[PDB]
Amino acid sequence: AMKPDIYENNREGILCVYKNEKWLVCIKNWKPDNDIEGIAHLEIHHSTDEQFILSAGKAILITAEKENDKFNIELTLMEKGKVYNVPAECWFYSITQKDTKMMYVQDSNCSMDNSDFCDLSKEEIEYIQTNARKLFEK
């Protein structure tokens, strides 16, 4: 009998583990631009929703809207056992710790042709750091 395919990621950051012509599934470990000290930019997908599932450790999901040239920011502490969805055209990013692991699901057309990054300002980074420090412990 055939076993299931079994996927893991022991590397920094993201490893895509399953892809077909419709969706993909990635396992994401800690990487510097998700560390509380390294938060510097948000991402946006113009053409796909994305779901996130926390597996190990703690994580916060930043979501934002861009108003003029400034972000209005929300922080959501992720809970193990829940699924989070960031709809297309919503800015987002993660804050994670060295032992954090999460999985995400999105459309398999993962060219950056249909996504973008944007830098956060200095006040925005400090604002996120101040509140995320606290939120990680709540």
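Don't overthink the numbering: it's just position in the shown sequence, from 1.
Across the two stretches, 102-110 and 63-71, the PDB entry reports the greater mean Cα temperature factor for 63-71. Looking at the C-alpha B-factors along this chain, the one for residue 85 belongs to the lowest third. For residue 135, the recorded CA temperature factor ranks within the lowest third of the chain's modelled residues. In the PDB entry, residue 46 places in the highest third of its chain by CA B-factor. Placement of the Cα temperature factor of residue 14 within the chain: lowest third of the modelled residues, per the deposited record. Sorting the modelled residues of the chain by their CA temperature factor places residue 36 in the highest third.
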